[PDB]
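A quick write-up on the structure given underneath.
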Amino acid sequence: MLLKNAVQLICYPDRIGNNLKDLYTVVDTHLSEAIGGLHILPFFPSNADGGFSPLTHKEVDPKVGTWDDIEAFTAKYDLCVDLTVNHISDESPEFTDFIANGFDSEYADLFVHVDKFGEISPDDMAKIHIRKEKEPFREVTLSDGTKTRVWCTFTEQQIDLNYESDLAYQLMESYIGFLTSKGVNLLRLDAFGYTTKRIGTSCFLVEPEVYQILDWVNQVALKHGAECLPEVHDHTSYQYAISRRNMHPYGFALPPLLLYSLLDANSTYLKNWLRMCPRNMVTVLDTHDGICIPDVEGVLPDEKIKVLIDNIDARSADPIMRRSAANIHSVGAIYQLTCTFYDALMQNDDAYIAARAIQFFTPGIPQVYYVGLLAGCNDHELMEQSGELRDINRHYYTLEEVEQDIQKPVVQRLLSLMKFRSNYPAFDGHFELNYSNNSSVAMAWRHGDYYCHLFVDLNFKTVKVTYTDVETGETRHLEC
Amino acid sequence: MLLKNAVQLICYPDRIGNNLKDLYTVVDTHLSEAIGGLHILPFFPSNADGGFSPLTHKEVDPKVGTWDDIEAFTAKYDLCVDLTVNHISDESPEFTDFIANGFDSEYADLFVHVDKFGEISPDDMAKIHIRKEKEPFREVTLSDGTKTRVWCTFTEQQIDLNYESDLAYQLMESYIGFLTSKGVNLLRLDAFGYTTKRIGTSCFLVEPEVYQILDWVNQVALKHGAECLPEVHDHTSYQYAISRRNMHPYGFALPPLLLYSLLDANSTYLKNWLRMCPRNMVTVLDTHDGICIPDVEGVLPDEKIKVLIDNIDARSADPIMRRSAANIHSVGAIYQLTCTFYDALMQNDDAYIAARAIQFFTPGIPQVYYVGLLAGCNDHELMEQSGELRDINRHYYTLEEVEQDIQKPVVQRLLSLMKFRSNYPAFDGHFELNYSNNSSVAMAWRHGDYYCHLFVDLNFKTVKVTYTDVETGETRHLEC
Amino acid sequence: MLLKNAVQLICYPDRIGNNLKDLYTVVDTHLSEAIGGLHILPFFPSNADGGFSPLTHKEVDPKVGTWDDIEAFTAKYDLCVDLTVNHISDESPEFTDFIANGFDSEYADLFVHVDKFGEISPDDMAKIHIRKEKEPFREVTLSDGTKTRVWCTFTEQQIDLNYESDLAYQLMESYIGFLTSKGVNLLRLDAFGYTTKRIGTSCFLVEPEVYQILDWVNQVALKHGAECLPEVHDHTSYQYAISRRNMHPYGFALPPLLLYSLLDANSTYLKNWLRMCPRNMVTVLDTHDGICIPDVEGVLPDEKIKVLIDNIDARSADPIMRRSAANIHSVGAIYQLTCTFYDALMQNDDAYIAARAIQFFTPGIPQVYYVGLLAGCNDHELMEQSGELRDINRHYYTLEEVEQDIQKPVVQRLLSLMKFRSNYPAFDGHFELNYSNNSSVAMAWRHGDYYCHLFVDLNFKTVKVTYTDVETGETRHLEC
């Protein structure tokens, strides 16, 4: 616990420079005052899906670096790493052993064997919540040639763990203990919503079993010195459910709501959300994924969400959709919009700095995506070569490119904002939303004598920060 | 816990029988096991607005009873009474002295004097959030015959208190001290959103000043042994703001949400709210007021509120509207629907018990309005004699009427639910929302060995309640 | 053709006068040339639902008459009688035996016993297609004192038959054999869609089992010299499925379609329907029930149906709704509109006569409801006294009331229209839809030299009928 209440950077292990050592150089050169922590997307050996199919959580993939490169970070920064509670790779030791020894294997129970369910009705099959149009089963061939089907939610390389079996808990406890020994204090629980499988249900976020699993993961992480950040993309009510269980929710509602507020110069729905937002959240504008719509339902009226989708889709590549949706003009249809936050704001520096300041004054720990940190645009060339829609938001940066972009004026304004947010003591106090008209936002933090106040005029995208000098009583105005 | 986690009754002092002694006899005869607490609508001497224009909070109106009639409840029951933080009667001693001695009066500062603001721009006049189509100023003639204007938000007999002056706090502290000495442990802060007046703002729920007033009232209440229930009809986010400040919010979102959920056999929105609902709330289905629409915005999509409004209005009396709102079919236009909750549910007994069952299983202290307790219908005849729309929901019950209505089968079902909710120990534990389809709701409470489960099928209006008998160790079914 | 291609009357046995003899006297006095047939609503002993809970089909209720009174109509006229294939009364001999002897009774298999299905999941309960907001089960106490549940779709007095047992088929064949022996040639199969019960389905119109039951009844009917008119209120496609079964469907699409056509002066959807209308269909404008909306879906665009609903409901009594469907302005929500056809047309004599003229020219045998025959208005007092909404369209006519209403000019116009339709030979030929603009309809019938033409101007509600007289070979104009 006692994670630093400072800005955090979200980055790949190899997207800045070529490896963890190059990323460390950039962080130490420019971000030593700007951030207190890092979320490094999965650096384990993985055979699919951008690192999210790990063979093990106990090894660092050699192509990106070593466990020593990771620990260089744990010295100065908080470290947040993924724990893929839902699945492990088919090349993992446990699954390859299941292929080798079949149902005789000790890890046989660790996986979900479809035959236990029996015949599943068409109605019950339709209920299962998956984006893929293919049943969530993979047929695998054992070494003797027997053909058996195991539950597989995502790519064929990812094999879902069976939380009916105790082995899944031992496997999770084993990973958590190793990771925390490396100095990880924040565990991002990926795809936790899929861990419970029950025919006749959605097989997504089944209550109350989902919280019983979450509570166990949270208790074990506490054993080992780590807090938890469970990840769900769905209705905002689940972030509240996470918050109530003393875990960190994600502020996924903030990006689309802030996008709408700046594009329309409306503050009403943003202020309503700030007044009721969950207490211990990690806030984001952009992530490694894409700007997610379901997390804003209820937070934004449906018509406003449709307006945001129609506005953004002109400046973006094709959105990621929920399965067989059909009518793109529908909020229900769209899962994620693929664009860089800067492109969504139309590359207006004042609008982008306004968004980052509002995020930074929002309760919770603010996380800055590396593409956003450098004010990156949509990477159309990478999407064409990789064939992956999300790569439009995952540009590979050369060290020289980072030096060129760090000097950009919009990035310089952002860096001073991050240093203020990371160091000024008022943010350790309590949050006071202030009265404002429907076209501006007023936010403030108070800690004893320390006080900082943010005013954003959404019409003109002007950002004004006033603070109390730590050395002196007189108030001061941050350049922003 | 200072308050009992049991059902509470909301009643007038004189609407069951003619006085507080008649109310006590009814509570003692039929409700002694059913409720742990009582909210009595204002019993002070008052010249307007159904008791909410109190000359003083230190007296009981002689026509309804005596302070001793009040203490008869305080021995066996928790007691919730209103404190009208915003305004006091013009016949109050403080205001009457102000008319007598003018600005020489020691009480002159207690009121808001319009001339201090000077000229008010039409733009600043438009911002002021009040329902009446009249300016919130009233000219009064002092004894010497000079005319001066004081601010008054509601009827002309209610005169707003000035929270710029310490006299307002002193008065409230005086009221809080007297009320708590009589045995009031829960203070409903009526219309607190109006207490801050600032030109250039709405003069409603001005942040962060409105919470500074709330904190002082809460601290004073706590010193005297009372908790606070501040009352706001507005966006649900204000209830979260109250909950965060360790006060009891109102579950005003629940009535419109349940009505839509039962009328349309849809549980989706209700489960989203139950998953994130605020922590220490007092829940209601019907109140003395009317089913209020702004409290459900965002909780229900705009389309569904429109559906609910048109459905109820087609079979009910005229709604209360927001000031000068032309469109009847707009959410923005309707402030309150005038209907009895039993009539809002079409006098379907099964639907009504299902609604109360869901309220009782919702986290927080459930409050039952006296009209709904007797499953009363719309009183159009009372409205015609009175000239008031709110009286459709404020029927006068004769003692003989109460005995016949208590006997109605639907009321007997409700009483059995209230006894179970008020006494079963699982409710002192934690809440477990359960997975269900989009036409049913499944809720449970667990406290160690105690466990109770509610299943409601919204298509067929069936209620199933299962509970465990700890000594037996076996599940039992509570008939409902 | 087994039936005459002439107008038919739909009437109660006791709604004209007090009995069947009174009805016979009115038919013989005024309709001997106007009509060729009669549909007499149930005259059996029945304990619910306006004669549709028959104790037996082999007895005539003594209050309405005797079997000889039925046989009077048969000798000069076609007779259409209901066969309640789905259910029989709980007072029936077969069900009374089951109450007495329980599962030992010879008739136990005749009813549907809910416990055989076992635990029914909430999803499977939700699929069941029933209008009432209650579960489709009725708990009954056997004389031994046991409580068991039997399936019942409608009122508790109607107990659904079990078509998995042979006893149900033996019961129906016995009814059909008796009814035809009395001279009935048309059997209306009431609520036939409910006969198939399968958990996991809607339990409504389960294909192809529903047609196998339909084929069985038709074979029994044809052997005994009767044709079948199965009654289903749902999508038009079911009328086509019935038509291709060599059975007479109902033209239920026509009443709502014609009402929109006349109220909005639009003929396009009507001509689209007339061009593809199902063959061998009995057409209606008004029935003993209310005007049914689902039968017009797809035939009319949803927006126009919405226009019709809002128009009618604004000036009429409450509609019957589909189960738990909040949205009163929605097509999905509304089952039936409760108002007479004359009132549905604003008591406009020209529009009403034009509607009947179009009906009589539509392919198939036209049926005229007795209230429409006398141009009856909404009967609010009968509905106020009965408590049954449908009674607004089921007025009781005294014999003297009939004598003056027959004399009404709009009724005399209709009578001349019925005589022309019942007797002119062209209607026995082939039907020719004619070109017209979107404001008028032109329909024709040709049989050899006989030819008649109908032109309706929907803007001005003018009716022109031209026919040829074969000996003259000269076009003539018919008063209408």
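For the range C:432-459, which positions are in contact with a strand residue (DSSP E or B) (Cβ under 9 Å, 6 or more places away or on another chain) and assigned to a loop (DSSP other than H, G, I, E, B)?
Correct list: C:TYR435, C:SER436, C:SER439, C:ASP449, C:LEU458, C:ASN459.
Residues of the range C:383-392 being touching a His at 6+ places or on another chain (Cβ under 9 Å) and either of a type in the set (A, V, I, L, M) or under 21 Å from C:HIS30 (Cβ atoms) (or both), which ones?
Hit for the range C:383-392 is C:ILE392, nothing else.
Taking the residues in the range B:200-222 that are of a type outside the set (A, V, I, L, M) and away from chain A (no Cβ under 14 Å) as candidates, determine which candidate is nearest to B:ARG188 (Cα to Cα).
The selected residue is B:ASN218.
B:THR287: within 12 Å of chain A (Cβ to nearest Cβ) and either closer than 18 Å to B:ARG390 by Cβ or surrounded by fewer than 23 Cβ atoms within 10 Å (Cβ to Cβ) (or both), yes or no?
No.
Restricting the search to the range C:424-443, which residues are under 19 Å from C:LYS464 (Cβ atoms) and not aromatic (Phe, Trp, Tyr)?
C:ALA426, C:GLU432, C:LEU433, C:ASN434, C:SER436, C:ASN437, C:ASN438, C:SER439, C:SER440, C:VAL441, C:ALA442, C:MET443
Which condition number does C:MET281 fail, the rest of (1) in contact with a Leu (Cβ under 8 Å, 6 or more places away or on another chain); (2) in contact (Cβ under 8 Å) with a residue 60 or more places away in the chain; (3) within 29 Å of C:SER181 (Cα to Cα) being met?
That leaves (1) as the condition not met.
Please tell me if C:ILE159 is in contact (Cβ under 8 Å) with a residue 60 or more places away in the chain, touching a strand residue (DSSP E or B) at 6+ places or on another chain (Cβ under 6 Å) and within 30 Å of B:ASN266 (Cα to Cα).
Taking the combined requirement at face value, the residue satisfies it.
Quick check on B:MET276: is it within 12 Å of chain A (Cβ to nearest Cβ) and surrounded by 21 or more Cβ atoms within 10 Å (Cβ to Cβ)?
Criteria met by B:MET276.
Which condition number does A:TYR450 fail, the rest of (1) farther than 22 Å from A:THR268 by Cβ; (2) without any contact (Cβ under 8 Å) to a residue 24 or more places away in the chain being met?
(2)
For the range B:310-362, name all the residues that are surrounded by 17 or more Cβ atoms within 10 Å (Cβ to Cβ), of a type in the set (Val, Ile, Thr) and closer than 24 Å to C:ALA325 by Cβ.
B:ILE312, B:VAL331, B:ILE334, B:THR338, B:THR340, B:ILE353, B:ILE358 - these are the residues of the range B:310-362 that are surrounded by 17 or more Cβ atoms within 10 Å (Cβ to Cβ), of a type in the set (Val, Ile, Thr) and closer than 24 Å to C:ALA325 by Cβ.
Any idea which residue in the range A:106-131 is nearest to the other protein chains (Cβ to nearest Cβ), counting only those that are assigned to a loop (DSSP other than H, G, I, E, B) and closer than 15 Å to A:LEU171 by Cα?
Checking each candidate, the answer is A:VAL112.
Could we say that A:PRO249 is more than 14 Å from every other protein chain (Cβ to nearest Cβ), within 24 Å of A:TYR335 (Cα to Cα) and not acidic (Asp, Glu) here?
Judged against the criteria, A:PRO249 is not a match.
Among the residues that make up the range C:4-21, is at least one of them touching a strand residue (DSSP E or B) at 6+ places or on another chain (Cβ under 8 Å), surrounded by 16 or more Cβ atoms within 10 Å (Cβ to Cβ) and acidic (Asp, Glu)?
No; the residues of the range C:4-21 include none that is touching a strand residue (DSSP E or B) at 6+ places or on another chain (Cβ under 8 Å), surrounded by 16 or more Cβ atoms within 10 Å (Cβ to Cβ) and acidic (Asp, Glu).
If C:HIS329 meets every condition in (1) outside any helix (DSSP H, G or I); (2) in contact (Cβ under 8 Å) with a residue 60 or more places away in the chain apart from one, which number is that one?
(2)
When you look at C:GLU164, is it within 24 Å of the chain's Cα centre (by Cα), more than 13 Å from every other protein chain (Cβ to nearest Cβ) and over 19 Å from C:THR96 (Cα atoms), yes or no?
no
Please give the number of the condition B:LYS306 fails out of (1) more than 22 Å from A:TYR238 (Cα to Cα); (2) within 14 Å of chain A (Cβ to nearest Cβ); (3) surrounded by fewer than 21 Cβ atoms within 10 Å (Cβ to Cβ); (4) within 21 Å of the chain's Cα centre (by Cα).
If we test B:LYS306 against (1) more than 22 Å from A:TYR238 (Cα to Cα); (2) within 14 Å of chain A (Cβ to nearest Cβ); (3) surrounded by fewer than 21 Cβ atoms within 10 Å (Cβ to Cβ); (4) within 21 Å of the chain's Cα centre (by Cα), just (4) comes out false.
Hey, any hits in the range C:310-330 for a residue that's basic (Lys, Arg) and away from chain B (no Cβ under 11 Å)?
Checked against the condition, which is being basic (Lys, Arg) and away from chain B (no Cβ under 11 Å), the range C:310-330 yields at least one hit.
Determine, yes or no, whether B:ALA191 is away from chain A (no Cβ under 14 Å), more than 24 Å from A:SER436 (Cβ to Cβ), of a type in the set (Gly, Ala, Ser) and in contact with a strand residue (DSSP E or B) (Cβ under 9 Å, 6 or more places away or on another chain).
no
For the range A:22-44: of the residues being touching a residue at least 24 places away in the same chain (Cβ under 8 Å) and touching a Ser or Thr at 6+ places or on another chain (Cβ under 8 Å), which is surrounded by the fewest Cβ atoms within 10 Å (Cβ to Cβ)?
A:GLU33
Looking at the range A:411-430, is at least one residue within 14 Å of another protein chain (Cβ to nearest Cβ) and outside any helix (DSSP H, G or I)?
yes
Given the residues C:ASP90, C:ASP61, which is the only one that is in contact with a strand residue (DSSP E or B) (Cβ under 6 Å, 6 or more places away or on another chain), within 19 Å of C:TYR175 (Cβ to Cβ) and among the acidic types (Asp, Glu)?
Of the residues listed, the single one that is in contact with a strand residue (DSSP E or B) (Cβ under 6 Å, 6 or more places away or on another chain), within 19 Å of C:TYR175 (Cβ to Cβ) and among the acidic types (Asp, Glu) is C:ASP90.
Take the range A:137-176 and flag every residue that is in contact with a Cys (Cβ under 7 Å, 6 or more places away or on another chain) and under 10 Å from A:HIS87 (Cβ atoms).
Listed by number, the residues that qualify are A:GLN158, A:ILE159, A:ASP160.
Report the residue count in the range B:47-56 for those that are surrounded by 22 or more Cβ atoms within 10 Å (Cβ to Cβ) and in contact with a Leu (Cβ under 8 Å, 6 or more places away or on another chain).
Here the count works out to 1.
Against the conditions (1) among the acidic types (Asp, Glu); (2) over 20 Å from B:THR84 (Cα atoms); (3) buried (at least 16 other Cβ atoms within 10 Å of the Cβ), where does B:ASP61 fall short? Just the number, please.
(2)
Quick one: in the range B:456-475, which of the residues that are aliphatic (A, V, I, L, M), crowded, with 19+ Cβ neighbours inside 10 Å and farther than 12 Å from B:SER267 by Cα is farthest from the other protein chains (Cβ to nearest Cβ)?
B:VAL465
Among the numbered criteria (1) touching a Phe, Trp or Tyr at 6+ places or on another chain (Cβ under 7 Å); (2) within 14 Å of chain A (Cβ to nearest Cβ); (3) of a type outside the set (A, V, I, L, M, F, W, C); (4) surrounded by 17 or more Cβ atoms within 10 Å (Cβ to Cβ), which single criterion is violated by B:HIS453?
Only one criterion in (1) touching a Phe, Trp or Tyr at 6+ places or on another chain (Cβ under 7 Å); (2) within 14 Å of chain A (Cβ to nearest Cβ); (3) of a type outside the set (A, V, I, L, M, F, W, C); (4) surrounded by 17 or more Cβ atoms within 10 Å (Cβ to Cβ) is unmet by B:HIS453, namely (1).
Can you name the residue in the range C:107-142 that is touching a helix residue (DSSP H, G or I) at 6+ places or on another chain (Cβ under 7 Å) and touching a residue at least 60 places away in the same chain (Cβ under 8 Å) and, of all such residues, is nearest to B:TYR352 (Cα to Cα)?
C:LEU110
Where a number appears in this text, it was derived from the coordinates with a stated rule and is not lab data. Every residue, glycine among them, receives a Cβ derived from its backbone with ideal geometry; neighbour counts consider all protein chains shown.
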